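Structure here, sequence nowhere to be found:
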């Protein structure tokens, strides 16, 4: 029976051998591969309000420059936001460990209660395995903590960080009288510049504009009211470099117009401190997201490896090498292996 | 004084070597120290293994 238990447990969790349950379930410790593909869900269940991130970044800069005037964005304004974001993932990692322990306990029960008719033996062989599993819970959790603590200890920008925003088609409705009609073109808006293309290959680069020092307005109803229209206009110079009647631009819906306006606002444009600090805040926000993508990626990869090394493999080694030695130590060896009435 | 400082500075290296050797051996001496010729359980465990 001890031989049969050890063999049955190994088959069920590794998936080796024949007589597999092709029809009834997705089960028998293959559920753990779902946790390893469910933990990637908990890491994105978390959410934050960007306005709190912006407020927190702003106070971080002002608190780093104590009295001094700021020339360049301080590095600690990056580091102290990343540390604060990383501390948040302590909880889901511990939830993952607890779910895995739960499945191991359930699998041990199936391999024990259902296959053994001797009383008392199915208690010793369940008690011992679940005691051993609980001790490994302890060691596994310490190692997870000493991994997150390491993610905080140093900021590494060498491998895949952003090493030193909106796209779509727009049609110009007001063409100069020497051409007439309307011109449909590919528009790319970044946080820095505007670029006009003839197609989505983005090869022509026919027009380039700065995002700064421009203004947005709505338009009066002097047109055939079939499209929603905004205007990008300049008050510092008489022309928007290459001008088309203050670059009136039509969209299919007002929501598209509002999304465009929001994209301009994100790029640094103001609605119809501010000069310096807002640019610094946007730079930090983007850098923080690019680095957190790397942190999340590394955590998803190492957590299942940590659990396999520390919890699963030691359990199998215990079952094969120690289990019999412990059963001889339980009770008095007189009531163990006593037949039930059935 | 320098000879004394040198001889003391190497103690941490010797301590780690001895500690490593005990950890490697401990797993097996734990069982060998409990050997008794009259032990049918030891024989049975070896048979199963």
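Received it, and whenever you're ready, just let me know what you need. Residues are numbered from 1 along each chain as shown, chains lettered A, B, ... in the order given.

For the rest of this, base every contact and every neighbour count on C-alpha atoms.
Will do.

Helices of the stretch 51-200 of chain A, residue ranges please.
Taking DSSP state H, counting those that start in this stretch as the criterion, the stretch 51-200 of chain A carries its helices at A:76-86, A:90-113, A:121-153.

quick one, which of those is nearest to residue A:278?
Of all the helices of the stretch 51-200 of chain A, it is helix A:76-86 that lies closest to residue A:278, at 13.7 Å by Cα to Cα.

so the closest one versus helix A:121-153, what angle?
170 degrees (axes from the mean of the first three to the mean of the last three Cα atoms, to 10 degrees).

Give me the buried stretch members for helix A:76-86, please.
The neighbour-count check on helix A:76-86 (16 or more other Cα atoms under 10 Å in any protein chain shown) flags A:77-78, A:81-83, A:86 as buried.

how distant is that helix from the center of its chain?
Remark: helix A:76-86 is offset 16 Å from the chain centroid, using Cα atoms, centre = their mean, to the nearest Å.

For residue 27, grab the count of nearby residues.
Since no chain was named, I'll use chain A. 13 (other Cα atoms under 10 Å in any protein chain shown).

hmm, I had chain B in mind actually
Neighbours around residue B:27, by other Cα under 10 Å: 10.

The strand or helix carrying it close to chain A?
Taking DSSP states H and E as the criterion, the element that holds residue B:27 is helix B:11-32. No - shown here: helix B:11-32 not in contact with chain A (Cα under 8 Å from any Cα of the partner chain), separated by at least 10.7 Å.

how many other residues sit next to the residue of the stretch 101-250 of chain A found nearest chain B?
The nearest approach of the stretch 101-250 of chain A to chain B comes at residue A:125, 16.2 Å away (Cα to the nearest Cα). Residue A:125 is flanked by 21 other residues according to other Cα under 10 Å.

got the contact list for it?
By Cα atoms under 8 Å, 6 or more residues apart in numbering or on different chains, the contact set of residue A:125 is A:112, A:327.

Skipping adjacent residues, who's closest to residue A:73 in space?
Among residues not flanking residue A:73 along the chain, residue A:280 sits closest, at 6.3 Å (Cα to Cα, 6 or more residues apart in numbering or on different chains).

how much space between the one you found and chain B?
Separation of residue A:280 from chain B (Cα to the nearest Cα, to the nearest Å) stands at 50 Å.

okay if I get the helices of the stretch 51-200 of chain A as TSV plus distance to residue A:196?
Converted to TSV, the helices of the stretch 51-200 of chain A look like this (distance: least, Cα to Cα, whole Å):
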stretch	distance to residue A:196
helix A:76-86	34
helix A:90-113	45
helix A:121-153	42
